[PDB]
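This document starts with one chain, in the form deposited in one PDB entry, laid out as structure tokens.
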């Protein structure tokens, strides 16, 4: 299990060259056998730099560090992350890592080697696209894009479609605000007919996601505000039951929900469905300005239908019960608590619901992501190295900022947006793993403090780097007029006062003289592929299991949690019988009578951990997060009241993203 990883790392080493620069030459020199077309697999510019510096570069690589990958982490590396020559891997992990670092840092060889070390030791990681394409010809290094529908017209709709198509091709995830498109049955002046509405146009988007699928199908998340008249239909179209023309199951679904709707639901008032043609401008305002405008149309009776707000609500909950979706975002908090509110109202988040960025017809938002491994900063004295964490966080910020400049953009609107506001999104993995390492259960008061200190540190480290860059490079163009320019920082907009761990007075004074380089910095994302690679538990998120199991070609694996295992082995209580005992407990200790009630607390599973405390923790770290978090909700046995109970708590806590996916048993 641990051994098979050693073998597979060694075989690979046996079947690839050892010299980094010589591997780079082979990739660059690659020739299409069918064709004779010289089809370089790294950019020439990267290779020149490598060859000009081959002694430092080749020498700096430490191939011991290939052996840090666990088995399935490695297999995944070999399947998608290591460049192949005619179906044979050419690249060692270390080789790809060096490629990524030279690819980001170019001629600054010091900066490159620091990054290689940091990466190769697994202090952090860049997201998959940037691992895939750094050091490569016309390299698309960004994970996600967000789009506001261009125009409420066929010219507009198919223009956006082409953008989504081009972004899909280049490996971008998409989030799209569709709320301006006019409702089913609304009048069309120039042809004197009526709109077929949202469903039939989303059907075209759905086929486009299927068609442009380079190996998972294209991923588009569609954003609807609940005042729009097609809402009930929009909740139907994910479901596995019903008419084909009424469905779009390859798409993803999210609600961009105003405060006003939530208040109507709890007070049990009436909700007014509208058409954006009839009642324009609702998505371009938020909070009180929205509510005044929403009320205005309502007093005029420009209202296509009215319903019990509690009727919509039930429609949403059954969707989540059946489908796991839609995602729950609160437009008012997102807008209220944004360093970008400077630029206008923000109409959607992205595919994974952690990114909150402005878009318009001239602007497709982007975000480059990397993630810090939180387990990494636990000392052997069970101390947490906040100083180090901020050390590494500052590197990441600079890297991500370098990415903005060298990225190749699939559409010009995205280039403009990204160099205008220079947002980035740093996230995390192994938040659970850190806790176990510090001997804190997830729900303990110590974990709840740690949680805040970690995210205070990262946000502190981040701003501090961004600040230095504004020193060297200057502020981003739209810095002036922003909350941060006005001395307001993210915790201030949540009305929180930081722990005394870091001196914000200093920083708020550094930022006042120089400004910052990046409009936004922090956004915990899902990390599904990158956490499996590095063997850390997903982003935030309690441990799912003490046991991970997998049927492979040569039978099965049953990998007990490494953190648990070292501890039972130590407190000499480990047995092979306990392995099969756990499986019956579906991942859980708690039942096994032979195990310490101290350990049992520490390795409690996700299905056995308070979702309220989860929400409370998101909210507490949320105050140190510029953007949002891809927060799943685990409720084994859902019902109407539970989900309702959960959503309102999330909302009242002031979460920008109340729920990402709903997971059940």
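Positions refer to the first chain, counted from 1. Note that the rigid core is defined as the largest set of C-alphas that superpose within 1.5 Å between two forms.
Not pictured, yet referred to below: the form deposited in another entry.
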Out of 137, 207, 558, 117, the residue that alone shifts its CA by 2 Å or more between the shown form and the other one when the rigid core is the reference: 558
C-alpha of residue 419 moved at least 2 Å between the shown form and the other one on rigid core: no
Rigid core superposed: residue 567 CA moves 2 Å or more between the shown form and the other one: yes
Exceeds or equals 2 Å, Cα of residue 579 between the shown form and the other one, core fit: yes
Distance trend in the other form - C-alpha atoms of residue 67 and residue 576, change of 3 Å or more: farther
